[PDB]
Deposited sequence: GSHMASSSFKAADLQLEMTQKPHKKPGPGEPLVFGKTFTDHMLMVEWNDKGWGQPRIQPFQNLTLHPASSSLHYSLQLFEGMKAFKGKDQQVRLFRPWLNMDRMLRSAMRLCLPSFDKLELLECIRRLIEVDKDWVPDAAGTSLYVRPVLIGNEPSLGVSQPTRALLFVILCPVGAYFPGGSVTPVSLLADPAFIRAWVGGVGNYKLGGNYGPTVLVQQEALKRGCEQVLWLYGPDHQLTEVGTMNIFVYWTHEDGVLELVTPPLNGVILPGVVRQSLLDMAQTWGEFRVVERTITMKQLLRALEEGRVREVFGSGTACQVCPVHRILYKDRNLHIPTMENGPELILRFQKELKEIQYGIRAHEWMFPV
């Protein structure tokens, strides 16, 4: 069974936060969704003032990382209408994460409505400046007051919101440099890298500091003896090139266990497939193929995809000691600009689309 949006309880706040220089993830809206689960099943969902959590010191969320999260954006169009981008995919992914951690199942459409209801309550937090959005952070945590390692008998689902600025505030895509060092592993086949679980991120903090120490902005996560490019930072990685077989192609790593199935990533594949102008494939990509392709001037554009930026160009990769220039910016970046344009059009209501869910 599941909590129902029909049973939503609303507690409006009596201490409205002073509304706003928006740094991602540091500013929170006035309300939050909160739903508890125990042996009686799910409690009633409530929207309530933004407040601290009270947790037992033995809560399984804090000892054995019984935790998962989601990340999606709500967009305010020119028509002043707020919409969520392909939220159904986030709910699908959230439910898969929950099952992987033996956390309680819920109804994806019910949570979607509760989230819709929450954003409606806090709709005046949704900025409308170009490229801005409201970031939605649903979380599901185990909350058993017990040091045993087992399926929890209690859990907490909550959602908080953050207004965020344009990822490219200059009003144009700015490329990033990547550290590609095979010493670091994000995830492995047989692991849980393909689920959006807190456990996958904690260990990356030190690696990201190492990228900074070596003059890079983000980490290119390599995997295997053959140095497969899997993801970049917290984003999916795409390469637009002419492959060894002479075919112009957009490639991204396949969903074989080490890749988080990004909503933007799936959207880019869907869009590109639909245009039908070039080959679009899911295949592994090795550092050896990339080096060769750069030597032969076959690489046009490399970029990350994710809710944060939508698509972010890469201009450099430090692989061991070798500094590799990636000619993304010298090639438009045509495909990147085309993706941003079409996504912006869809997201901000410029052109009505099944991918958008009205608040």
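Should a student be asked to find the unmodelled regions, what ranges of the deposited sequence would be the right answer here?
Missing from the model are residues 1-6, 27-30.
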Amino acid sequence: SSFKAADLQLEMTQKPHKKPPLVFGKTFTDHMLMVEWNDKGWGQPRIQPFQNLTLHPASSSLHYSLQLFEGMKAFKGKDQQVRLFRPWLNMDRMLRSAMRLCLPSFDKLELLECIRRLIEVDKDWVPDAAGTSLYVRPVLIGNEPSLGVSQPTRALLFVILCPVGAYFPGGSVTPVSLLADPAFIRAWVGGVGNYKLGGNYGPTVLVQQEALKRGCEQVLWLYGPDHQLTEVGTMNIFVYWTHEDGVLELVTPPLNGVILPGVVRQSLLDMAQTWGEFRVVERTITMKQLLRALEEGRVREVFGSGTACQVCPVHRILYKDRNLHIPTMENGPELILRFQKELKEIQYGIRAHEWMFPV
From here on, numbers count along this sequence of modelled residues.
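Among the other compared PDB entries, is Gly170 dropped in a third or more?
Other entries vs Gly170: at least a third skip it.
Which is higher in the entry, the mean Cα B factor of 337-345 or that of 21-29?
Comparing averages over the C-alpha atoms only gives 21-29.
Averaging the C-alpha B factors as listed in the entry, name the stretch that ends up higher: 84-92 or 166-174.
Higher mean C-alpha B-factor: 166-174.
What's the residue among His227, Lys196, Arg283, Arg117 with the greatest CA temperature factor in the PDB record?
Comparing C-alpha B-factors across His227, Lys196, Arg283, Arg117, the top value belongs to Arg117.
How does the C-alpha B factor of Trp42 compare with the rest of the chain: lowest, middle or highest third?
Ranked within chain, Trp42 CA B lands in the highest tercile.
Quick check on the deposited entry: does the C-alpha B-factor of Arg322 sit in the lowest, middle or highest third of its chain?
Tercile = highest for this residue's CA B-factor.
Ordered by C-alpha B-factor within the chain, which third holds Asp124? Give me lowest, middle or highest, please.
For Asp124, whose C-alpha B-factor we compare with every modelled residue in the chain, the answer is the highest third.
Would you check the entry's CA temperature factor for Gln67 and let me know if it's in the chain's lowest, middle or highest third?
Tercile = lowest for this residue's CA B-factor.
Lowest, middle or highest third: which one holds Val263 when the chain's residues are ordered by CA B-factor from the entry?
Bottom third by C-alpha B-factor.
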